[PDB]
Amino acid sequence: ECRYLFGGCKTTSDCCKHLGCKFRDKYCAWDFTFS
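Sequential numbering from 73 applies to the sequence shown in my numbering.
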């Protein structure tokens, strides 16, 4: 399920688009392109 900003993600492939799961916070933080 696309875990928007601050969405519990088990991995990077568990978040929305512009978001990326970082092995640390457990949530989904922006990550896609230079912005």
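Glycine included, C-beta positions come from ideal geometry on N, C-alpha and C.
With 16 other CB atoms within 10 Å as the buried threshold, where does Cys-74 fall?
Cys-74 is exposed by the Cβ-count criterion.
Comparing C-alpha positions only, which one of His-90, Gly-79, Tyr-76 and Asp-86 sits nearest to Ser-107?
Among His-90, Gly-79, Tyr-76 and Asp-86, the Cα nearest to that of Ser-107 is on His-90.
Ends of the beta strand (DSSP E) at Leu-91?
Start and end: 91–93.
Restricting to Cα atoms, I'd like to know which of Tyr-99, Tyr-76 and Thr-105 is closest to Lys-82.
Minimum Cα-Cα distance from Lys-82 among the listed residues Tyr-99, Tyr-76 and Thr-105 corresponds to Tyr-99.
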